[PDB]
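>>> next input, structure requested:
(2 chains)
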Amino acid sequence: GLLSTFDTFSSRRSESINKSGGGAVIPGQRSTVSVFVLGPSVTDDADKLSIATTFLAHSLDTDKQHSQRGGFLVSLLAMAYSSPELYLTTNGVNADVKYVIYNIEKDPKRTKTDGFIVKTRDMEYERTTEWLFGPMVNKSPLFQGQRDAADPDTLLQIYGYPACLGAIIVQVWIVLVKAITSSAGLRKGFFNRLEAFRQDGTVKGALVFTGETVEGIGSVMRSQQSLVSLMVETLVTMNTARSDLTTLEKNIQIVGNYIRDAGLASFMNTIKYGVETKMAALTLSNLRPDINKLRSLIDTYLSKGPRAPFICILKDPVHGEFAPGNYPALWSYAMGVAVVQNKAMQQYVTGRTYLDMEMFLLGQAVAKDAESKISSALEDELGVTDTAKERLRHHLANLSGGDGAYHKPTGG
RNA sequence: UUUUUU
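Numbering: from 1, shown residues only, chains lettered A, B, ... in the order given. And now the structure:
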């Protein structure tokens, strides 16, 4: 009643101050990026794969400007579509850069640059063509090479060019999985993510990115928010509901299911361990303002729609409010609960200036305690006999010692 | 600011 205004002030203040300015938008500074699409002249699968590998090798070049490397990655991702310019128009609209679409055209008469020529409408460019299809020194190998490994040409005549292009593009997306939010665990995380695809057969051994390629692609993604926006846009605006989804689009949706909520790890896990567990420690007043904050944050997330999982890799305006430093006691509690209840969360960096050590240790204590972690909420539905309740406590005691041992917060 | 897993 009287205290209703204070309880709803977090949600009301967030709605009141996050209202967008609106009106006309002043355009800012944007780089002009050359994106190369394949014209109908390039009907050779081998030529198409060579162009894809050239795009990938140009993206990796250190000397090339990051925006241009991002445009080579954009070219590569547009190769997956029959109309690449339609793809760039629907998913390529951003204020970060202006995409200048060039066409790669294959001419039998011209053997000057591998039978290729870059032409925009009537005009044809040779300076750009020698730059793009010229001999470029690879700082590091583009793909991993192993003994007794099927060659790409053999793999391309056996598995179609869609399969090879899908391998390459899926791997670019797998890079995005951790390029932005975990830049130090990008190589390990890439090969961990890539392991499912390799067993699946989506990525064959001849087209598996090297670590250097993964590091190079991740740097371009960290610098180019336009490329990340195009990928996030492709994931959101893709018509997943329609059954007719290309193997590549299906795999991109898999990778994007891995990209969802990157950077929001603490928000998601705070909800999962701090409030979803529903332990008696939630009755503390330390967590009450942070529970209100998290309630408003859930509304902010669920209002952001399908782009809510990407607010942190996209550097969204509201993304900084999902930072745990806005709900540090509830976050520390949930982090304690999570390091006890989840093995994987013990490698999550919880050693932070705002880690409430008493809330952290309290989460560990209630998560480790049999009386604390058993709820009567579901006992009526389950029809639990008192012998079973006592039996459950006996099982918990045997399964976990909980002899006053705490998890130290993992540092960065 | 980010950082686990999937």
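
>>> where is the longest strand in chain A?
strand A:97-106 (DSSP state E).

>>> return the distance of that one from the chain's centre.
With CA atoms, centre = their mean, to the nearest Å as the basis, strand A:97-106 stands 27 Å off its chain's centre.

>>> by contact count, what packs against it?
strand A:31-38, helix A:66-78, helix A:84-91, strand A:116-120 (3 or more CB pairs under 8 Å, 6 or more residues apart in numbering; DSSP states H and E). Where C-beta positions appear, they are placed from N, C-alpha and C, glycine not excepted.

>>> list the contacts of the longest one.
Right, the one you point to is helix A:66-78. A:31, A:33-37, A:52, A:55-56, A:58-61, A:64, A:84-85, A:87-88, A:92, A:97, A:99, A:168-169, A:172, A:217, A:219-221, A:223-224, A:226-227, A:230-231, A:234 (CB atoms under 8 Å, 6 or more residues apart in numbering).

>>> buried deepest among the helices and strands packed on strand A:97-106, which one?
helix A:66-78 (a mean of 25; mean count of other CB atoms under 10 Å).

>>> now whatever residue of the stretch 201-350 of chain A ends up closest to RNA strand B. Nearest residue, chain neighbours left out?
Going by CB to the nearest atom of the strand, RNA strand B is nearest to residue A:265 of the stretch 201-350 of chain A, at 2.7 Å. Leaving aside its sequence neighbours, residue A:265 sits nearest to residue A:348 (CB to CB, 6 or more residues apart in numbering; 6.6 Å).

>>> can you pull the buried residues of the longest helix along chain A?
The longest helix of chain A (DSSP state H) is helix A:161-179. Across helix A:161-179, burial judged by 16 or more other CB atoms under 10 Å covers A:161, A:163-179.

>>> list, one by one, the residues from chain A near RNA strand B.
Within reach of RNA strand B by CB under 7 Å from any atom of the strand, chain A has these residues: A:177-178, A:181-185, A:188-189, A:192, A:196, A:257-258, A:261-266, A:268-269, A:312, A:319-320, A:322-325, A:342, A:344-349, A:352, A:412.

>>> what's around residue A:363, how many residues?
The tally of other residues near residue A:363 (other CB atoms under 10 Å) stands at 30.

>>> still on that earlier bit, got a PyMOL select line for the buried ones in the residues of chain A next to RNA strand B?
In PyMOL, this line selects whichever of the residues of chain A next to RNA strand B come out buried by 16+ other CB under 10 Å:
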select buried, chain A and resi 177+178+181+182+189+258+261+262+263+264+265+266+269+312+319+322+323+324+345+348+352
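
>>> for stretch A:266-281, measure first residue to last.
19 Å (CA to CA, to the nearest Å).

>>> give the buried residues for it.
For stretch A:266-281, a neighbour-count test (16+ other CB under 10 Å) marks A:266, A:267, A:269, A:270, A:271, A:272, A:273, A:274, A:275, A:277, A:279, A:281 as buried.

>>> that's a helix at the last one, yeah?
Translated: residue A:281. Yes. Per DSSP: H, G, I helix; E, B strand; the rest coil, residue A:281 lies within a helix segment.

>>> gap between the closest residue in space to it that isn't next to it in sequence and RNA strand B?
Closest residue to residue A:281 apart from its sequence neighbours, by CB to CB, 6+ apart: residue A:366 at 4.7 Å. In this structure, residue A:366 and RNA strand B are 19 Å apart, going by CB to the nearest atom of the strand, to the nearest Å.

>>> the strand or helix carrying residue A:366: which residues count as buried?
Secondary-structure assignment from DSSP states H and E places residue A:366 in helix A:357-368. Of the residues in helix A:357-368, A:359, A:360, A:361, A:362, A:363, A:364, A:365, A:366, A:367, A:368 count as buried by neighbour count, 16+ other CB under 10 Å.
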